[PDB]
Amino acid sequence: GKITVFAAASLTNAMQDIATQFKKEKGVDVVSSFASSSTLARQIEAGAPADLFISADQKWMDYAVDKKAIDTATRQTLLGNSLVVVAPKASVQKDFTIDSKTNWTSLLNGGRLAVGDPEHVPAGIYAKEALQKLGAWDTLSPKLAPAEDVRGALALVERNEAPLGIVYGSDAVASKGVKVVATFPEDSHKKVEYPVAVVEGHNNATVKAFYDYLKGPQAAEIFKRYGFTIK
């Protein structure tokens, strides 16, 4: 048959490699749809036919669970990640530490801070939480360059349309055109976690085979290579 995976945008590269490998060794076609975790959860709620859902936060998985769209016994935290600040590869921007007294205004210099839309994209929600805890939010809000998902934010920095952008550590590994210039302290935000679950009514042997593969060694190898931490 064919499996349909709805996965957070930050999983783009890893999921494509995993799908390729699974087809080589098991013969099944895996089709992935990538977007903000919020967008995917709402599509699943509406009735879009996804078999698996992997969210970049617990919030949007909880959302789908409440709408009775998830086979709950299958829900499990699969990956972890870090929150970082990236700059264009060829930028002269130097490394910096992030604390209560970081001078964001000087760092930006009339430029905007690329972020996933803090209204709903997990990467933006983690970022807003961190910036509010570090007291930088009030200063930064009028200087944001929001995007549809974390990869949209990444693109803004790669195309040098924003001096800095807040993305996941894994995004930096996948990107050929940016560099990590700072890392948020773990205590500034909720732990970045990626729950996976089978969509209600799609728990059959074919989907289950893929779900099990995601927790196996071949997949763990690919996830690690892309900067994700395995839970």
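Each residue number is its position in the shown sequence, starting from 1.
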*If you average the CA temperature factors over each stretch, which comes out higher, 95-103 or 73-81?*
95-103
*asked:* Please compare 111-119 with 133-141 and say which has the higher mean C-alpha temperature factor in the record.
replied: 133-141
*Return the residue from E45, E186, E193, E200 that has the highest Cα B-factor in the entry.*
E186
*Based on the PDB record, which member of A41, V173, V28, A56 exhibits the highest Cα temperature factor?*
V28
*Record-listed C-alpha B factor of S10: chain third*: lowest
*Should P146 be placed in the lowest, middle or highest third of its chain by the C-alpha B factor in the entry?*
middle
*Among the modelled residues of its chain, does the C-alpha B-factor of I125 lie in the lowest, middle or highest third?*
lowest
_Chain third (lowest, middle, highest) by recorded CA B-factor, residue given as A205_ = middle
*asked:* How does the C-alpha B factor of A50 compare with the rest of the chain: lowest, middle or highest third?
replied: lowest
